[PDB]
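Notes for the one structure printed next.
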Amino acid sequence: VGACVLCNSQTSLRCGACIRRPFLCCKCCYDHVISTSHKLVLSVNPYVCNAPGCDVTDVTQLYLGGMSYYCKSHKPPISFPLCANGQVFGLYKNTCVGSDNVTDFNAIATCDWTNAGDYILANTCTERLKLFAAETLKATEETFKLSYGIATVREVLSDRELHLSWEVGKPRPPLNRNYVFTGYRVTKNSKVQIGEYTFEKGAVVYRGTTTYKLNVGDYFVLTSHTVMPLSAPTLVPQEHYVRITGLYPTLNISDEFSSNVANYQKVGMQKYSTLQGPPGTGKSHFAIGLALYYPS
Amino acid sequence: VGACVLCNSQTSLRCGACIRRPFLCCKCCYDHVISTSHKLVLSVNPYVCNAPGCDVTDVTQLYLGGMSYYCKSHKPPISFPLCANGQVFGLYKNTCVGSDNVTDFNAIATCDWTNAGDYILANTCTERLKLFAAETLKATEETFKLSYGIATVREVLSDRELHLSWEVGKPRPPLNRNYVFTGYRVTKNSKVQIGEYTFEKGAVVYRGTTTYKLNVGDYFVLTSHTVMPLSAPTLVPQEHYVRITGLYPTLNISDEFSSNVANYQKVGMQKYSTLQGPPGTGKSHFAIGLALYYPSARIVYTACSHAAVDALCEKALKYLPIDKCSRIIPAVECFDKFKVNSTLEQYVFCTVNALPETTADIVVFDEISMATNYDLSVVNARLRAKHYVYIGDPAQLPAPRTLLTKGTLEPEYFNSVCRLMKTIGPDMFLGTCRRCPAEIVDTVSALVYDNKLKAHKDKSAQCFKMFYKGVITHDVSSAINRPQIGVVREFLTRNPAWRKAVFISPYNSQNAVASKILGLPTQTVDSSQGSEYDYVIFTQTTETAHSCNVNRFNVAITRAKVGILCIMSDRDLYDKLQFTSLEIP
Amino acid sequence: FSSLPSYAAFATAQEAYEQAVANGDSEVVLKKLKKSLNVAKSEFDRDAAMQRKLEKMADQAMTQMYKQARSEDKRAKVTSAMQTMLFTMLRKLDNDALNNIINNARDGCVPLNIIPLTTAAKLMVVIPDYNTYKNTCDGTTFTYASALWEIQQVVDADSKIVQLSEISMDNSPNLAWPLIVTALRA
Amino acid sequence: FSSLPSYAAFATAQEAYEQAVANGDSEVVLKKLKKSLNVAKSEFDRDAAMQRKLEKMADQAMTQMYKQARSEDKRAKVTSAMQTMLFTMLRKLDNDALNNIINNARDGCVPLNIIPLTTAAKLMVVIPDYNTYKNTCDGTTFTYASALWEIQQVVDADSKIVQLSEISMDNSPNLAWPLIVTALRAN
RNA sequence: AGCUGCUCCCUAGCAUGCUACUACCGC
RNA sequence: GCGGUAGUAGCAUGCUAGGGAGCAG
Ligand SMILES: [Zn+2]
Ligand SMILES: [Zn+2]
Ligand SMILES: [Zn+2]
Ligand SMILES: [Zn+2]
Ligand SMILES: [Zn+2]
Ligand SMILES: [Zn+2]
């Protein structure tokens with residue numbers, strides 16, 4: 001129960017066949033369901049033919065019958081089309097404004113994040129649609145990272161090298177620290193705690209976070225966390241105040257931030273400023289000078 | 001459950017979308033709901049759509065269904081229109097008479113109190129309607145004063161000055177004592193108790209009520225009280241009795257109140273009499289001579305502000321037996337020599353904000369001009385006395401109106417006592433200006449006062465007027481003229497004796513900079529009554545409706561007894577005032 | 001309910017059928033007025049049924065909300081009505097032992113403790129003036145609550161014991177008058 | 001029910017009826033325009049009355065699921081409150097003495113009526129009268145449950161602070177007398 | 001601020017049933 | 001002239017739901 005994605009109108013409908021199950025308003029949700037292959041919608045209850053042994057998942061095939069949603073042949077004589085007027089049946093019926101341009105949201109919902117144009121879409125669409133772009137991006141690759149094989153150790157060569165088998169069916173992630181593995185100790189009960197390692201070819205060199213001795217049969221996975229939805233936008237709106245509000249300037253300055261002081265002169269005046277950071281010019285120096293200029 | 005505003009018919013309906021939620025009768029309430037944008041009505045239960053998740057607030061869209069009020073699509077088949085016959089459904093249905101002319105009270109309810117015509121309406125409409133005009137006016141601007149930023153202190157430079165930040169989004173209130181702040185000490189739990197200060201620009205100079213040391217991060221707010229609807233109208237009807245009833249005259253009289261005694265002869269024979277109270281003629285002398293004429297009576301010395309009741313307290317220290325006196329202020333520093341909170345005594349010295357529910361013989365209400373309809377009615381809500389005495393004068397000063405922007409409010413319509421004071425004339429006055437010389441008293445007689453004020457002693461030949469033009473610089477809530485600070489620059493040179501002619505000013509910040517250049521004391525024109533100095537200098541500095549106002553500046557002129565300085569840059573008062581004039585240096 | 005528009009049409013139809021049955025001419029021409037009059041009581045008792053129930057709906061809702069208004073106005077004044085009712089019952093009670101102390105408290109003799117009922121035990125009765133002293137205390141005996149007490153410890157308001165013989169009219173304006181006259185029952 | 005395919009058709013049928021009634025040509029014309037109002041009436045029978053029931057059904061369903069949504073929100077709120085109460089009251093109990101008393105059990109299961117006895121950091125006595133006060137809490141220190149406690153903050157029924165010198169024998173009838181003495185665990 | 005049990009009053013809804021009026025259909 | 005169905009209104013019974021109050025352990 002909240003606001004939909006494009007329209008932000010208060011709604012209670014969530015697309016089941018969609019990646020991250022966001023809120024959608026009646027007209028907005030119907031626009032999504034026809035402009036995508038996302039044919040599942042999930043309100044405070046599931047929209048599936050509740051008669052025993054039915055498979056139908058698309059909303060259009062469903063009709064309301066009594067205290068449930070029914071398919072073609074399972075309905076009673078008294079029925080009603082859930083998909084009518086271009087807006088699906090759902091809570092907060094009249095308080096739906098719809099979105100004129102929905103194909104961007106349909107594109108992000110049908111996106112596989114595979115080419116550069118997808119990322120152009122990720123940063124071209126509007127504010128919370130692009131927050132959703134980042135959300136769905138990270139979601140797709142975290143579901144991806146476990147769909148690789150799993151690094152089961154077969155034998156112990158010596159220190160810093162091992163031999164690894166991988167399960168049949170799914171491939172091998174690359175040979176770098178890009179994909180950080182994490183292992184647990186297989187026992188008679190369960191798997192508990194190795195740590196984060198990264199493997200390259202020797203023989204398989206293993207770079208472990210800590211000092212540890214492994215035996216045959218222990219295996220490592222590319223774990224993912226539980227990605228929750230965000231609240232705040234990418235960054236706040238820009239506003240330029242008249243003066244340094246709420247901060248007390250310093251009394252005297254040292255030389256090695258003089259060229260830096262003339263910069264904190266302006267950042268203290270307004271909310272935020274993007275910092276052109278060419279590498280190694282005194283960058284963390286630039287950050288500590290913020291505290292030197294304002295200690296409290 | 002009570003009577004409506006216009007019809008006074010017994011009713012039970014209260015307009016939800018209205019400012020102060022008053023009672024309205026069925027037809028009367030409907031007349032309001034269609035003649036305003038106030039589309040909310042609130043009876044013993046709320047008239048909204050009680051089906052889950054509805055937002056309709058107008059009454060017309062509502063229909064009765066069963067034991068509730070329903071909207072268009074939420075109703076059962078059995079329904080009934082709440083809005084029928086031009087009278088909305090409500091208790092006391094038949095006993096409604098309706099009002100022929102409702103648009104006045106619609107205008108007051110939709111009023112924002114922005115222009116002078118709003119005040120003209122506030123005083124032209126009928127009795128409880130104009131009391132409601134006062135109610136709504138005040139209620140509005142206390143909802144206004146807290147819509148400004150909060151004065152959060154940032155730094156402690158030194159004594160008497162601080163650094164002030166203000167919250168983003170809402171503006172900064174004017175820089176005077178007009179907007180009295182109040183502070184609390186922010187702690188790990190809550191905020192508690194600093195006190196009432198007023199801030200000006202240094203740096204932020206803070207004028208604190210008491211001595212106190214502040215730190216970083218403490219903030220003050222413009223607090224409001226809980227404003228609760230009055231009972232009585234502005235003043236009781238007039239009735240002229242045959243004789244002084246309920247009072248026993250004196251045996252012999254002192255000279256200094258003879259011109260007053262032949263006055264109290266008539267305020268004692270009827271109940272009330274508005275007193276043309278020209279500044280400084282023995283006004284609190286008038287007040288104390290009431291008790292000198294009638295000692296056993298209870299005389300109620302009050303005023304809109306404590307600093308004004310202090311004036312009547314001053315002459316109680318010398319002429320009134322203190323055995324029978326009372327000083328009433330609740331838990332501000334004032335005259336506290338009398339016994340504090342003694343209700344049933346003869347002389348009660350207090351301010352309208354704290355006068356307790358009592359009954360007394362005669363009242364003396366200092367400064368009837370600084371007060372609005374509100375307090376001048378709550379005094380009657382406080383006392384139904386035998387005789388009422390109205391000290392003050394509209395040609396002195398009104399309360400500072402924050403929402404009054406376009407147009408000025410004329411002498412007529414400050415409050416109800418200002419009504420009959422120049423339509424049927426004042427019943428009463430004193431003509432012996434114990435203060436002014438012939439240079440000022442004749443000038444002010446031919447000003448607004450009906451050519452009244454007779455000379456006291458002599459033409460001092462010490463009051464000066466000189467014409468100028470000036471260039472004006474104004475930034476936030478003030479106005480500073482450098483060249484008119486540059487004419488006092490050189491006139492105070494050849495005089496070693498006018499060092500002690502206190503600087504008066506329209507806006508306090510201009511003289512606050514002048515005192516950085518010169519050092520003379522300060523004075524606010526808006527609240528100048530109470531103290532008078534022999535020698536004072538002043539500059540109008542402005543031709544708009546601040547300083548060239550006839551009565552706003554009459555007070556600045558009238559408080560000097562021998563000499564006064566008035567640098568005139570205007571045409572409005574040059575041909576109208578006459579002092580001795582000098583050339584331009 | 002007769003002031004409804006459909007009543008006029010019903011009356012016209014009834015007059016037509018009265019004329020027809022008074023003439024008794026045809027079989028079908030009057031049957032027209034069973035296809036036009038038997039309908040005339042279909043948009044009449046349909047319109048005059050719902051309004052009659054609406055009347056009682058409005059009446060019941062008004063009574064409910066009147067009762068709610070009375071209930072909200074009663075439970076907001078209890079601490080005046082209780083005292084009024086109590087004093088009316090007390091003056092109806094008519095017992096001298098009560099009236100004595102009620103009058104005494106009406107002029108000032110408020111006890112500073114629960115009035116003891118044993119033959120022993122202590123009592124203290126404020127006395128703020130002298131005329132009050134005249135009626136209550138005579139010599140050594142204290143008359144209060146229609147009882148006979150014994151005067152022992154007269155004292156002024158500045159906590160100084162004041163003797164009994166001192167109490168007289170001329171020297172009365174010499175004492176802190178709120179006396180606290182402790183005594184014991186007979 | 002005014003914007004349905006049937007309002008147009010009934011309007012056309014009645015328009016023909018009135019036009020040919022003003023014309024009034026034949027009895028068969030009246031029969032046709034009566035058998036037209038007697039069939040196009042079925043059109044306004046079901047097209048505007050069964051759909052008049054679907055609205056009732058749909059509104060009923062919508063309010064039911066609104067109520068269920070509120071039902072499932074209250075659950076989240078009560079769950080959060082209960083878990084917060086658990087996690088904030090746990091913070092007070094885990095002294096080291098609890099570890100010392102549990103680690104020495106043969107199994108790890110200790111009775112409940114001995115945990116406060118040998119771990120509580122504050123005792124609360126309630127005394128009805130001075131006679132019981134003298135045999136329990138006399139003086140600044142006293143021993144209960146084989147420990148040593150020291151007295152502070154003695155209070156009474158009205159919960160006003162009472163100093164220790166006041167409770168004599170003769171002063172006792174002048175005190176609200178469920179006196180509640182609280183003491184600390186001395187060491 | 002408990003667990004039952006009985007009884008009155010009001011309203012709502014569905015269903016059932018009954019009765020009356022109108023329309024259609026053949027017989 | 002009958003039957004049946006569709007309607008509309010009225011009435012009754014009963015069952016459920018919601019609210020108010022009282023008695024008994
Ligand atoms: Zn989707
Ligand atoms: Zn939407
Ligand atoms: Zn199905
Ligand atoms: Zn209103
Ligand atoms: Zn009215
Ligand atoms: Zn509604």
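All residue names refer to the structure tokens as shown: chains lettered A, B, ... in order, residues numbered from 1 in each chain, ligands numbered from 1 in order.
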Exercise for review: For chain B, report every residue with an atom at most 9 Å from chain C (counting only C-alpha atoms), formatted as a PyMOL selection string.
Suggested key: chain B and resi 1+44-45+64+66-68+78-80+90-91
Would you mind exporting N, CA and C atoms of the selected residues as a short mmCIF file (atom, residue, chain, number, x, y, z; two decimals), in the first residue's frame?
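Listed below is the output, out.cif:
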data_model
loop_
_atom_site.label_atom_id
_atom_site.label_comp_id
_atom_site.auth_asym_id
_atom_site.auth_seq_id
_atom_site.Cartn_x
_atom_site.Cartn_y
_atom_site.Cartn_z
N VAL B 1 -23.47 23.50 21.19
CA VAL B 1 -24.89 23.78 21.36
C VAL B 1 -25.10 25.19 21.89
N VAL B 44 -22.74 18.06 16.13
CA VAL B 44 -22.39 17.18 17.24
C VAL B 44 -21.61 15.96 16.75
N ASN B 45 -21.72 15.65 15.45
CA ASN B 45 -20.86 14.71 14.74
C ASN B 45 -20.32 15.33 13.46
N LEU B 64 -27.51 11.68 3.51
CA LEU B 64 -27.71 10.83 4.68
C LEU B 64 -28.05 9.41 4.24
N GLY B 66 -28.75 5.83 6.50
CA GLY B 66 -28.77 5.16 7.78
C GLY B 66 -28.26 6.04 8.90
N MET B 67 -27.37 5.51 9.73
CA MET B 67 -26.79 6.26 10.84
C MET B 67 -25.47 6.91 10.47
N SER B 68 -25.43 7.67 9.38
CA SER B 68 -24.20 8.35 8.97
C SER B 68 -24.53 9.30 7.82
N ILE B 78 -31.54 3.70 0.14
CA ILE B 78 -32.28 4.64 0.98
C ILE B 78 -31.35 5.80 1.31
N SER B 79 -31.72 7.00 0.89
CA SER B 79 -30.90 8.18 1.12
C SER B 79 -31.82 9.38 1.31
N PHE B 80 -31.22 10.54 1.56
CA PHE B 80 -31.94 11.78 1.79
C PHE B 80 -30.95 12.93 1.69
N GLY B 90 -29.84 19.76 10.49
CA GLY B 90 -29.20 20.01 11.77
C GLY B 90 -30.22 20.07 12.88
N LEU B 91 -29.71 20.05 14.11
CA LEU B 91 -30.55 20.12 15.29
C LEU B 91 -31.19 21.50 15.38
#
Restrict the calculation to only C-alpha atoms, then for each residue of chain D with any atom at most 9 Å from an atom of chain B give the closest atom pair and their distance in Å to one decimal, rows by chain and rising residue number, as CSV.
residue,atom,partner,partner_atom,distance
D:59,CA,B:74,CA,8.2
D:63,CA,B:52,CA,7.1
D:66,CA,B:52,CA,7.8
D:67,CA,B:52,CA,8.5
File dump, residues just selected, C-alpha atoms, as an mmCIF file, in the first residue's frame:
data_model
loop_
_atom_site.group_PDB
_atom_site.id
_atom_site.type_symbol
_atom_site.label_atom_id
_atom_site.label_comp_id
_atom_site.auth_asym_id
_atom_site.auth_seq_id
_atom_site.Cartn_x
_atom_site.Cartn_y
_atom_site.Cartn_z
ATOM 1 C CA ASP D 59 -18.139 -1.988 -3.810
ATOM 2 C CA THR D 63 -14.342 -2.378 1.083
ATOM 3 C CA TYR D 66 -9.589 -2.331 2.241
ATOM 4 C CA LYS D 67 -10.453 -3.749 5.666
#
Practice item. Give as a ChimeraX atom specification the residues surrounding ligand 4 up to a distance of 10 Å, considering only C-alpha atoms (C1' of nucleotides) and all ligand atoms. Key: /B:14-24,29-41,105-110
Exercise for review: If you run DSSP over the backbone, which residues in chain D end up strand (DSSP E)? Put them as a list in words.
Suggested key: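 Selection result, strand (DSSP E) within chain D: residues 122, 123, 124, 125, 126, 127, 141, 142, 149, 150, 151, 152, 153, 154, 155, 179, 180, 181, 182, 183, 184 and 185 of chain D.
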Go ahead and write the selection's residues with N, CA, C and O atoms as a PDB file, in the first residue's frame.
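Saved the output as out-v3.pdb:
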ATOM      1  N   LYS D 122      18.506  -4.454  43.412  1.00  0.00           N
ATOM      2  CA  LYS D 122      17.709  -3.527  44.205  1.00  0.00           C
ATOM      3  C   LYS D 122      16.558  -4.286  44.839  1.00  0.00           C
ATOM      4  O   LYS D 122      15.856  -5.036  44.155  1.00  0.00           O
ATOM      5  N   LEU D 123      16.366  -4.091  46.137  1.00  0.00           N
ATOM      6  CA  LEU D 123      15.299  -4.737  46.882  1.00  0.00           C
ATOM      7  C   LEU D 123      14.214  -3.721  47.208  1.00  0.00           C
ATOM      8  O   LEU D 123      14.494  -2.541  47.422  1.00  0.00           O
ATOM      9  N   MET D 124      12.970  -4.190  47.236  1.00  0.00           N
ATOM     10  CA  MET D 124      11.825  -3.358  47.589  1.00  0.00           C
ATOM     11  C   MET D 124      11.077  -4.028  48.731  1.00  0.00           C
ATOM     12  O   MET D 124      10.540  -5.127  48.565  1.00  0.00           O
ATOM     13  N   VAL D 125      11.046  -3.375  49.885  1.00  0.00           N
ATOM     14  CA  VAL D 125      10.269  -3.853  51.016  1.00  0.00           C
ATOM     15  C   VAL D 125       8.980  -3.047  51.092  1.00  0.00           C
ATOM     16  O   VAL D 125       8.935  -1.864  50.749  1.00  0.00           O
ATOM     17  N   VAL D 126       7.908  -3.700  51.531  1.00  0.00           N
ATOM     18  CA  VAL D 126       6.664  -3.014  51.859  1.00  0.00           C
ATOM     19  C   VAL D 126       6.281  -3.413  53.274  1.00  0.00           C
ATOM     20  O   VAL D 126       6.106  -4.603  53.558  1.00  0.00           O
ATOM     21  N   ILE D 127       6.144  -2.434  54.154  1.00  0.00           N
ATOM     22  CA  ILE D 127       5.884  -2.664  55.572  1.00  0.00           C
ATOM     23  C   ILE D 127       4.524  -2.071  55.917  1.00  0.00           C
ATOM     24  O   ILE D 127       4.262  -0.913  55.573  1.00  0.00           O
ATOM     25  N   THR D 141      21.225  -0.389  57.441  1.00  0.00           N
ATOM     26  CA  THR D 141      21.572  -1.631  56.768  1.00  0.00           C
ATOM     27  C   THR D 141      20.774  -2.786  57.355  1.00  0.00           C
ATOM     28  O   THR D 141      20.421  -2.787  58.536  1.00  0.00           O
ATOM     29  N   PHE D 142      20.497  -3.772  56.507  1.00  0.00           N
ATOM     30  CA  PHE D 142      19.788  -4.976  56.916  1.00  0.00           C
ATOM     31  C   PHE D 142      20.130  -6.089  55.937  1.00  0.00           C
ATOM     32  O   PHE D 142      20.618  -5.840  54.832  1.00  0.00           O
ATOM     33  N   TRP D 149      22.194  -5.437  52.443  1.00  0.00           N
ATOM     34  CA  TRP D 149      21.561  -4.327  51.752  1.00  0.00           C
ATOM     35  C   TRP D 149      21.693  -3.056  52.573  1.00  0.00           C
ATOM     36  O   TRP D 149      21.749  -3.095  53.806  1.00  0.00           O
ATOM     37  N   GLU D 150      21.732  -1.925  51.878  1.00  0.00           N
ATOM     38  CA  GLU D 150      21.755  -0.623  52.528  1.00  0.00           C
ATOM     39  C   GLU D 150      20.586   0.222  52.037  1.00  0.00           C
ATOM     40  O   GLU D 150      20.267   0.225  50.843  1.00  0.00           O
ATOM     41  N   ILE D 151      19.957   0.936  52.966  1.00  0.00           N
ATOM     42  CA  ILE D 151      18.685   1.607  52.719  1.00  0.00           C
ATOM     43  C   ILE D 151      18.923   2.995  52.143  1.00  0.00           C
ATOM     44  O   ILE D 151      19.857   3.700  52.541  1.00  0.00           O
ATOM     45  N   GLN D 152      18.076   3.388  51.195  1.00  0.00           N
ATOM     46  CA  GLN D 152      17.998   4.769  50.743  1.00  0.00           C
ATOM     47  C   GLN D 152      16.620   4.997  50.136  1.00  0.00           C
ATOM     48  O   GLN D 152      15.974   4.049  49.685  1.00  0.00           O
ATOM     49  N   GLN D 153      16.174   6.254  50.141  1.00  0.00           N
ATOM     50  CA  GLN D 153      14.915   6.641  49.511  1.00  0.00           C
ATOM     51  C   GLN D 153      13.706   5.905  50.080  1.00  0.00           C
ATOM     52  O   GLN D 153      13.078   5.106  49.378  1.00  0.00           O
ATOM     53  N   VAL D 154      13.374   6.152  51.344  1.00  0.00           N
ATOM     54  CA  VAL D 154      12.167   5.616  51.961  1.00  0.00           C
ATOM     55  C   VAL D 154      10.997   6.523  51.605  1.00  0.00           C
ATOM     56  O   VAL D 154      11.114   7.752  51.667  1.00  0.00           O
ATOM     57  N   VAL D 155       9.868   5.919  51.230  1.00  0.00           N
ATOM     58  CA  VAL D 155       8.682   6.637  50.775  1.00  0.00           C
ATOM     59  C   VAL D 155       7.447   5.996  51.397  1.00  0.00           C
ATOM     60  O   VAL D 155       7.518   4.939  52.025  1.00  0.00           O
ATOM     61  N   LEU D 179       4.529   1.832  54.035  1.00  0.00           N
ATOM     62  CA  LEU D 179       5.828   2.400  53.690  1.00  0.00           C
ATOM     63  C   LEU D 179       6.630   1.432  52.823  1.00  0.00           C
ATOM     64  O   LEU D 179       6.721   0.238  53.117  1.00  0.00           O
ATOM     65  N   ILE D 180       7.208   1.957  51.742  1.00  0.00           N
ATOM     66  CA  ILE D 180       7.916   1.144  50.757  1.00  0.00           C
ATOM     67  C   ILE D 180       9.405   1.460  50.795  1.00  0.00           C
ATOM     68  O   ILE D 180       9.859   2.437  50.189  1.00  0.00           O
ATOM     69  N   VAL D 181      10.176   0.631  51.494  1.00  0.00           N
ATOM     70  CA  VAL D 181      11.610   0.860  51.603  1.00  0.00           C
ATOM     71  C   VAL D 181      12.326   0.158  50.460  1.00  0.00           C
ATOM     72  O   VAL D 181      12.134  -1.041  50.226  1.00  0.00           O
ATOM     73  N   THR D 182      13.154   0.907  49.739  1.00  0.00           N
ATOM     74  CA  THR D 182      13.988   0.363  48.679  1.00  0.00           C
ATOM     75  C   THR D 182      15.442   0.405  49.121  1.00  0.00           C
ATOM     76  O   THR D 182      15.884   1.371  49.747  1.00  0.00           O
ATOM     77  N   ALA D 183      16.178  -0.655  48.809  1.00  0.00           N
ATOM     78  CA  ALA D 183      17.542  -0.823  49.282  1.00  0.00           C
ATOM     79  C   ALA D 183      18.430  -1.303  48.146  1.00  0.00           C
ATOM     80  O   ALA D 183      17.970  -1.919  47.184  1.00  0.00           O
ATOM     81  N   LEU D 184      19.721  -1.018  48.275  1.00  0.00           N
ATOM     82  CA  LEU D 184      20.725  -1.436  47.312  1.00  0.00           C
ATOM     83  C   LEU D 184      21.527  -2.609  47.857  1.00  0.00           C
ATOM     84  O   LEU D 184      21.660  -2.792  49.072  1.00  0.00           O
ATOM     85  N   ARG D 185      22.076  -3.392  46.930  1.00  0.00           N
ATOM     86  CA  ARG D 185      22.879  -4.571  47.252  1.00  0.00           C
ATOM     87  C   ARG D 185      24.295  -4.121  47.584  1.00  0.00           C
ATOM     88  O   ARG D 185      25.088  -3.814  46.691  1.00  0.00           O
TER      89      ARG D 185
END
Exercise for review: List all protein, DNA and RNA residues that have any atom at most 7 Å from ligand 1, counting only C-alpha atoms (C1' of nucleotides) and all ligand atoms, and write the list as a list in words.
Suggested key: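 Listed by chain and ascending number, the contacts are residues 15, 16, 17, 18, 19, 21, 32, 38 and 109 of chain A.
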Shell of 12 Å around residue 99 of chain D, only C-alpha atoms (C1' of nucleotides), local chain residues under 4 positions omitted, as a PDB file with C-alpha atoms, in the first residue's frame:
ATOM      1  CA  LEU D  93      19.187  -8.427  32.834  1.00  0.00           C
ATOM      2  CA  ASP D  94      22.487  -9.692  31.417  1.00  0.00           C
ATOM      3  CA  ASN D  95      24.761  -9.077  34.371  1.00  0.00           C
ATOM      4  CA  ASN D 103      27.144 -21.834  34.171  1.00  0.00           C
ATOM      5  CA  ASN D 104      27.204 -23.703  37.501  1.00  0.00           C
ATOM      6  CA  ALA D 105      23.930 -25.557  36.904  1.00  0.00           C
ATOM      7  CA  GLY D 108      21.872 -25.015  32.328  1.00  0.00           C
ATOM      8  CA  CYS D 109      18.227 -24.885  33.476  1.00  0.00           C
ATOM      9  CA  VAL D 110      17.880 -22.951  36.733  1.00  0.00           C
ATOM     10  CA  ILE D 115      17.254 -15.646  39.511  1.00  0.00           C
ATOM     11  CA  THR D 118      20.743 -14.057  43.764  1.00  0.00           C
ATOM     12  CA  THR D 119      21.086 -11.440  41.007  1.00  0.00           C
TER      13      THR D 119
END
Point to revise | 7 Å contact set for residue 82 of chain A, only C-alpha atoms (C1' of nucleotides), chain neighbours under 2 positions out, as a list in words | key: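 Result of the neighbour search: residues 62, 63, 64, 80, 84, 88 and 89 of chain A.
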Exercise for review: Select all residues from chain F having any atom no more than 12 Å from an atom of chain C (counting only C-alpha atoms (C1' of nucleotides), ignoring ligands), output as an NGL selection string.
Suggested key: :F and (8-10 or 20)
Review point. Residues of chain E within 12 Å of chain D, using only C-alpha atoms (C1' of nucleotides), as a VMD selection string?
Key: chain E and resid 13 22 to 25
Exercise for review: Set the cut-off to 9 Å, count only C-alpha atoms (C1' of nucleotides) and all ligand atoms, and list whatever residues fall near ligand 6 as an MDAnalysis selection string.
Suggested key: chainID B and resid 48:56 61:62 69:75
For those residues, write N, CA and C atoms to a file as a CSV table (one decimal), in the first residue's frame.
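The result, stored in again12.csv:
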chain,number,residue,atom,x,y,z
B,48,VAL,N,-18.9,14.2,7.2
B,48,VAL,CA,-18.0,13.7,6.1
B,48,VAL,C,-18.6,12.4,5.7
B,49,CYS,N,-18.0,11.9,4.6
B,49,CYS,CA,-18.4,10.5,4.1
B,49,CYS,C,-17.8,9.5,5.0
B,50,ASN,N,-18.6,8.8,5.8
B,50,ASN,CA,-18.0,7.8,6.7
B,50,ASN,C,-17.8,6.4,6.1
B,51,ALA,N,-18.0,6.3,4.8
B,51,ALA,CA,-17.5,5.0,4.2
B,51,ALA,C,-16.0,5.1,4.1
B,52,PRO,N,-15.3,3.9,4.2
B,52,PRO,CA,-13.9,3.9,4.3
B,52,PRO,C,-13.2,4.5,3.1
B,53,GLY,N,-12.2,5.3,3.4
B,53,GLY,CA,-11.3,5.9,2.3
B,53,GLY,C,-12.0,6.9,1.4
B,54,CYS,N,-12.8,7.8,2.0
B,54,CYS,CA,-13.3,8.9,1.2
B,54,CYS,C,-12.7,10.2,1.6
B,55,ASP,N,-12.7,11.2,0.7
B,55,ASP,CA,-12.1,12.5,0.9
B,55,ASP,C,-13.0,13.7,0.7
B,56,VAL,N,-14.3,13.4,0.4
B,56,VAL,CA,-15.2,14.6,0.1
B,56,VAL,C,-15.5,15.3,1.4
B,61,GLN,N,-22.3,17.5,-1.6
B,61,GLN,CA,-22.0,16.1,-2.1
B,61,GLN,C,-22.4,15.1,-1.1
B,62,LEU,N,-22.7,15.4,0.1
B,62,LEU,CA,-23.0,14.4,1.2
B,62,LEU,C,-24.5,14.2,1.2
B,69,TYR,N,-23.5,10.0,7.3
B,69,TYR,CA,-23.6,10.9,6.2
B,69,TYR,C,-22.7,10.3,5.1
B,70,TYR,N,-23.3,10.2,3.9
B,70,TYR,CA,-22.6,9.4,2.8
B,70,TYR,C,-22.4,10.3,1.6
B,71,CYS,N,-21.5,9.9,0.7
B,71,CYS,CA,-21.2,10.6,-0.5
B,71,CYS,C,-22.0,10.1,-1.6
B,72,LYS,N,-21.7,10.5,-2.9
B,72,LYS,CA,-22.4,10.1,-4.0
B,72,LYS,C,-22.5,8.6,-4.2
B,73,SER,N,-21.4,7.9,-4.3
B,73,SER,CA,-21.3,6.5,-4.7
B,73,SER,C,-21.3,5.5,-3.5
B,74,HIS,N,-21.2,6.0,-2.3
B,74,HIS,CA,-21.1,5.2,-1.1
B,74,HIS,C,-22.4,4.9,-0.5
B,75,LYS,N,-23.5,5.6,-1.0
B,75,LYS,CA,-24.8,5.6,-0.3
B,75,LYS,C,-25.5,4.2,-0.5
Review point. Residues at most 12 Å from ligand 2, using only C-alpha atoms (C1' of nucleotides) and all ligand atoms? Could they come as JSON, numbers by chain?
Key: {"A": [2, 3, 4, 5, 6, 7, 8, 9, 10, 11, 12, 13, 14, 15, 22, 23, 24, 25, 26, 27, 28, 29, 30, 31, 32, 33, 87, 88, 90, 92, 93, 94, 95, 96, 97, 98, 99, 100, 101, 102, 105, 129]}
